[PDB]
Amino acid sequence: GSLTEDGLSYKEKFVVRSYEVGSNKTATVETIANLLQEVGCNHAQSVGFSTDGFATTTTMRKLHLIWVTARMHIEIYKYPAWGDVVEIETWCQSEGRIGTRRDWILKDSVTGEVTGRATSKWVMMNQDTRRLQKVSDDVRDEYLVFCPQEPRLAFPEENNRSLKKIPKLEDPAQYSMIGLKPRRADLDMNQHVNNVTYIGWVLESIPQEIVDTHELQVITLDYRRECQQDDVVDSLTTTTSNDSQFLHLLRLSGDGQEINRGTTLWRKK
Amino acid sequence: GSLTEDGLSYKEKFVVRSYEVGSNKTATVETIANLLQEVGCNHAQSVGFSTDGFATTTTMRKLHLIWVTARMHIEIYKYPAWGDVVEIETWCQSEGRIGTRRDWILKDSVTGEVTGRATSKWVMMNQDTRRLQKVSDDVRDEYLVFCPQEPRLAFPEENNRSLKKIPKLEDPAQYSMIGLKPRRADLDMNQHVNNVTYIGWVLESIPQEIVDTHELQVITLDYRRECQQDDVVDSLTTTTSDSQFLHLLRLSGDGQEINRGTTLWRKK
Ligand SMILES: O=C(O)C1Cc2ccccc2C1
Ligand SMILES: O=C(O)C1Cc2ccccc2C1
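Residues numbered from 1 in each chain as written, not as in the entry; some residues may be left out. Chains lettered and ligands numbered in written order. Heavy atoms only, no water.

The deposited coordinates derive from X-ray crystallography, with the record listing a resolution of 1.490 Å.

Right, dumping it as structure tokens:
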């Protein structure tokens, strides 16, 4: 992978692996999400961010601040097959004092055709207190050096799906998967549950018949609170709709504290 | 990746990814195992095996036969760090009518130093009845075309660890992790639990203090029966000693054995 000519975005190619594909012999949405994470991390390393596992700037480390994901939104038009090469371009942009965004575009490397796109929203947090806060001027100035100054959005459309408010699912859920728990492979280098694991947990409560007859087109997921390595999660889903739509909720198995909420949209194969 | 000059082995390089590393910022043993699986599948594709999830020969498809893993044995001397390049060479060899072996050698791509090695034993099974079988003359002849004819072993040492018998752990286990279950990401393209998932389940019952103070040097794992996608597993571990452990995976309800194994760990 490498930064582009203007130094304001980064591109990397990936060959889809045998163990990364599902039933259709195409990459799962969790494989796609892991590739988005990887190209994002390689871009951060290329522009001087930390390699400790939290990717922080110089001012962030002094003030014990970290970035945390607030939302992930992915839209896939075609999933790459085993052995195919996918090229992914990624870039960041500040959004004033609210937080920052990392966007991605996925392409079929052979044809140059766009096969997917994604956007993520990040908020600043004190690493010790876990309290959210606004982005300071000094941090905003560091971002200006590696981000485009004119808006560059993977989702330009008017008041598009990526910014839509997600409601809270009401009991009883139509479907559920209970007692989900992370194993060591689900943790990152800092012993936190990997963001991609929550996508897998959301999808666990989609009935197998839907997975067999449809393809996932869109997933939007809010991150409210972390699942700790000793926590247990219940995954709830209710149909809201030739396209099937679902509302999702992940909550702690005991007291029912919300950890994530989301929506998915699926198209018949 | 590519077949070597003599067409009898295959090599591929991998750049270690951010999400593939553990606390030490080095690749986990499950990441290593996934890379061994990938280079094995790319080698099978390069010599004419099927690309439908079950790497099968022409005479195996006719008779509805598949290969199933009986044992995996991995020894790691150094784990590659995030961003490092590891080169892996793999090859197969028939073992008469018993079954076949796939072996691997892992190297640091920059220095050429061997950083790990692995060996796996495979047995033939009828895909419909699930009944184990001996290797027929016609399949042995097909293997002879892409395998070295003189013995080539990743583990040559006299009566070495890779062939050692593993005993069955007796209750009460010293440690346990119960109620483990596969999610969709743990399944392969044919909806079977991926072989690497069982390694993760074995390791779940190793106390966190050991993982924090030691590095895994050797893991030997027998595969007795598959965990179905709707099954629940208990992972049991007992110290037998460097720290050494005996492992057992069994169904959460009736206690049917699915795997047994051993691990050896060295202090960091
Ligand atoms: O974690 C990251 O680096 C981003 C990529 C990714 C993939 C799945 C969910 C959230 C996010 C945010
Ligand atoms: O499944 C395979 O292809 C082989 C590689 C691998 C990795 C972990 C456990 C078993 C095996 C056998």
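## Some points on the domain arrangement of chain A
All names here are of chain A. Counted only if it meets this: An automatic or database domain assignment is the source of the domain bounds shown. Any two residues having at least one pair of non-hydrogen atoms within 4.5 Å are treated as being in contact. Buried area, as used here, totals the accessible surface that two parts lose on assembly, with accessibility defined by a 1.4 Å probe and the loss added over both. Each salt bridge in this description consists of a side-chain nitrogen of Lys or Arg and a carboxyl oxygen of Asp or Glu lying within 4 Å of one another. Polar contacts here mean pairs of N or O atoms no more than 3.5 Å apart (in protein, one a potential hydrogen donor and the other a potential acceptor; neighbouring residues in sequence count only if both atoms are side-chain atoms). Helix numbers and strand numbers start at the N terminus; a helix is a DSSP run of H or I with at least 4 residues, a strand a run of E with at least 2. Charged residues are taken to be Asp, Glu, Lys and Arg, nonpolar residues to be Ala, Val, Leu, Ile, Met, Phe, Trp, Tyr, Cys and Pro, and polar residues to be all remaining types, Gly included.
Taken as a whole, chain A is organised into domain 1 (2–163) and domain 2 (175–268). Here domain 1 and domain 2 have C-alpha centroids that lie 20 Å from each other. On the side of domain 2, 20 residues touch domain 1, which itself brings 19 residues to the contact. Interface area for domain 1 against domain 2, summed over the two sides, is near 1900 Å², with a carbon-plus-sulfur share of 48%. The tally of links between domain 1 and domain 2 comes to two salt bridges. Of the charged contacts in the structure, one is a salt bridge between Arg 130 and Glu 226, with a shortest N-O distance of 3.3 Å. One can count 10 residue pairs in polar contact joining domain 1 with domain 2. At the level of secondary structure, the elements contributing two or more residues to the side of domain 1 that touches domain 2 comprise α1 (29–46) and β3 (65–76). Of the residues belonging to the side of domain 1 that touches domain 2, the class tally is eight nonpolar, five polar and six charged.

## Here we look at the interface of chain B and chain A
On the side of chain A, 46 residues touch chain B, which itself brings 45 residues to the contact. Across the chain B to chain A interface the summed buried area is about 3600 Å²; carbon plus sulfur atoms make up 44%. When the buried surface of chain B facing chain A is broken down by residue, B:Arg183, B:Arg184 and B:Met189 rank first, second and third, together holding 23% of it. On the surface where chain B and chain A come into contact, there are eight salt bridges. Across the pair A:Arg17 and B:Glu20 runs a salt bridge whose closest N-O atoms are separated by 2.9 Å. On the surface where chain B and chain A come into contact, there are 21 residue pairs in polar contact. Where the side of chain B that touches chain A is concerned, the elements lending two or more residues are α1 (29–46), β8 (175–180), α4 (195–203) and α5 (208–213) of chain B. Among the elements that line the side of chain B that touches chain A, the one with the most residues is α1(B), at eight residues. Along the lines of polarity and charge, the residues of the side of chain B that touches chain A split into 17 nonpolar, 16 polar and 12 charged.

## Quick word on the domain arrangement of chain B
Residue and element names in this part refer to chain B. As assigned here, chain B comprises domain 1 (2–163) and domain 2 (175–267). Computed over C-alpha atoms, the centres of domain 1 and domain 2 are 20 Å apart. The interface of domain 1 with domain 2 comprises 20 residues on the first partner and 20 residues on the second. Both faces combined, the contact of domain 1 with domain 2 buries some 1900 Å², and carbon together with sulfur accounts for 48% of it. With its nearest N and O atoms 2.8 Å apart, the salt bridge here joins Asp 222 to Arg 71. The tally of links from domain 1 across to domain 2 stands at 12 residue pairs in polar contact. Those elements that provide at least two residues to the side of domain 1 that touches domain 2 are α1 and β3 (65–76). Ranked by residue count, the leading element in the side of domain 1 that touches domain 2 is β3, at eight residues.

## Considering the UniProt feature "active site" in chain B
Residue and element names in this part refer to chain B. Keep this limit in mind: UniProt positions are given in the numbering used here, feature names are shortened, and annotations may be inferred rather than shown by experiment. Any residue under 20% of the maximum accessible area for its type is buried, any over 50% is exposed, and the rest in between are partly exposed; the area is computed with a 1.4 Å probe on protein chains only.
Here, the residues flagged by UniProt with the feature "active site" are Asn 190, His 192 and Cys 227. These residues run over 38 residues, yet every pair of their C-alpha atoms falls within 13.8 Å of each other. Note on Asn 190: relative accessible area 23%, which makes it partly exposed. Sequence-distant contacts of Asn 190, defined by excluding residues within four places in its chain, comprise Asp 52, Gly 53 and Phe 54. Along the polypeptide, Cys 227 turns up in the loop between β9 (214–223) and β10 (233–239). Judged by relative accessible area, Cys 227 falls into the buried class, the value being 2%.

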